[PDB]
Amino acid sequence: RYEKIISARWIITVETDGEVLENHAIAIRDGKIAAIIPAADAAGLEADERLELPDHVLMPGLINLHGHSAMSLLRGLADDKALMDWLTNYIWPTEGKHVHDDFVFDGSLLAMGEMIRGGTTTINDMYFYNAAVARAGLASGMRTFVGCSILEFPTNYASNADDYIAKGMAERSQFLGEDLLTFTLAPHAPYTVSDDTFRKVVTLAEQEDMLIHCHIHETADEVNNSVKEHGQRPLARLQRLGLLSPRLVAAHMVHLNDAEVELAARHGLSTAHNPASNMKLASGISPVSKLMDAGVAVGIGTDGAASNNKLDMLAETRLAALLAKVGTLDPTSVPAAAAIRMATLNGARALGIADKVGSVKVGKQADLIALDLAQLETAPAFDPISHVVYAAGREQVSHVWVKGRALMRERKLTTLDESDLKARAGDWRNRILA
């Protein structure tokens, strides 16, 4: 028997741009999409649960390809600074004061509540105290990628690059065989990681078959300083070190010349486009249309809540579409169908799981969300693809499933206690202002 049959007014499949099924239903078995049928054929089938969603659009869950989830606890603490000043003089000192297992667990949980509330099903995270992020991920039920940050300087978490690596690998070993939990290696950035450390990461990632998650080409200063310090721009350096390959998720990728776009395409890396953070830190505009035209998977992330300051993937996807048009002065850059692809299927491609999630397709896992379009904000309900990108908001997501399992139903969180999340945030407000 089917576990669930969910019928909706619209289904955006993301299998082909523009494809929207009307009055169809999704049958779910063993956590996967087992059938996609006219809703009329669905009552004749048996199911453990049945759900009718009139005036709702069903679509793949949104994939946040770049977050620092625990930074939810620092929301609004460090505005109006460019990247290096922001890290050096505000973020790193605050992180030195407050970041331990407790912070990371509490902050990750808070972030996950906010993400589920806005229709995010997968988070590609990157932080410290990775066992705490993993624990939070198993608790929330989100599809979770835990990025083990690697730096050269000592922190409360680890004393040197080898220690970040050893601790990440030790923590990874405590969460083996978890279908929805995946550890990655996350060397922080070209300007905080040495050639030797990058080589160790390449070797380890290859041996253990892990993704590499790294902030790359975020600022002009990073790129220009790299030439001075390493003799070439960061991408060329990383190519020399062996880092560019399909396992690499390159966050930001704001400052690129045309040769670097082709380099990315040839090595089959993916990028995470984080428009709010790129604007807020005054980093610049990633040439996402050029990357996508070259065949590169460009997903979308939010970055952390201290440089956004939302974890809202619908808002982030709209912003990607708007910024692409203003940056190219071409109104046909990133149409709504492409933006949805960025927020879903391209994220899955980046994470090496596009055969598993990212579209509404029989055989794929049921990572799905439903948006209630019967609100003034999305009225009249003409084209749901257009509305999802340009009009709908995080507040309209009504239901969230990961592998067929409900994480939210009629905006009630089913795996996390929303009151508990608010209380942890209030605790941290007191502790940080202390």
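The first residue of the shown sequence is 1; numbering continues from there.
Participant: Using only the Cα atoms and their B-factors as the entry lists them, report which of 224 to 232 and 281 to 289 averages higher.
Facilitator: According to the entry, 224 to 232 carries the higher average C-alpha B-factor.
Participant: Which wins on mean Cα temperature factor, 199 to 207 or 297 to 305?
Facilitator: Higher mean C-alpha B-factor: 199 to 207.
Participant: Which listed residue, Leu62, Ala35, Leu65, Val389, has the largest C-alpha temperature factor in the record?
Facilitator: Most elevated C-alpha B-factor of the set, per the entry: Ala35.
Participant: Which one of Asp48, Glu377, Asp372, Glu395 shows the biggest C-alpha B-factor in the PDB entry?
Facilitator: Comparing C-alpha B-factors across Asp48, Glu377, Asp372, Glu395, the maximum falls on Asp48.
Participant: Against its chain's modelled residues, does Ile385's Cα B factor rank lowest, middle or highest third?
Facilitator: Answer is middle: the recorded C-alpha B-factor places it there.
Participant: Within this chain, which third does the Cα B-factor at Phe145 fall in: lowest, middle or highest?
Facilitator: Tercile = lowest for this residue's CA B-factor.
Participant: Splitting the chain's C-alpha B-factors into thirds, which one does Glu316 fall into?
Facilitator: Tercile = lowest for this residue's CA B-factor.
Participant: Using the temperature factors of the C-alpha atoms in this entry, rank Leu181 within its chain: lowest, middle or highest third.
Facilitator: Its C-alpha B-factor belongs to the middle third of this chain's values.
Participant: Of the three thirds of its chain by CA temperature factor, lowest, middle or highest, which one includes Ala25?
Facilitator: According to the entry, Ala25 has a C-alpha B-factor in the chain's highest third.
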